[PDB]
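Starting off, we have a lone chain in the form deposited in one PDB entry, written out as structure tokens.
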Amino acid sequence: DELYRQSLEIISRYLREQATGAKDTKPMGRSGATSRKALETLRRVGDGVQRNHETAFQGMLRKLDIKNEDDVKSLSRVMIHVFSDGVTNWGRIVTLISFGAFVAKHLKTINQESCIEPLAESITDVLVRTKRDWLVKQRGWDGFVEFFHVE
């Protein structure tokens, strides 16, 4: 499943970057040109989203009470409930990933950086299992890049 693979590369990289503050110099895998542009887009847009929703993001994180690996393992069901139904658009997908970044920075703050990859995996799984058809119709990460493109 290539969509999964590409989504996970992008989301994992953005969350790690956000948590550690360091950009990764390594190239991407296949569809790497699009993935690189999608990561650059996430930088701009997702930092904006995290700033705009800081209060709701805080309250959610607080009620989630994330302290270790099993706490992280239990977040998929909340993620699905909040993300599954209703309107789908690129903004909501960016909100999913942006809150992922917010949680990743928390996880680094509490010395639980080892949970960031499973978090990424959980996010990607929920993204692809719930929005597959939609993402394919919108041309995947290419469509994401073009949607948020600023010349």
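Here, rigid core means the biggest group of C-alpha atoms that superpose within 1.5 Å across both forms. Note that residue numbering begins at 1 and tracks the sequence as displayed.
The same protein also exists as the form deposited in another entry; that form is not shown, yet it is the one meant from here on.
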Tell which of 47, 121, 113, 40, after superposing on the rigid core, has its C-alpha displaced by 2 Å or more between this form and the one not shown, please. 113
Is residue 88 among the residues whose Cα moves by 2 Å or more between this form and the one not shown after superposition of the rigid core? no
Report the direction of the Cα distance change between residue 113 and residue 102 in that other deposited form, compared with the displayed form, as closer or farther; the change is 3 Å or more. farther
Knowing the Cα distance between residue 74 and residue 92 changes 3 Å or more in that other deposited form, does it shrink or grow relative to here? closer
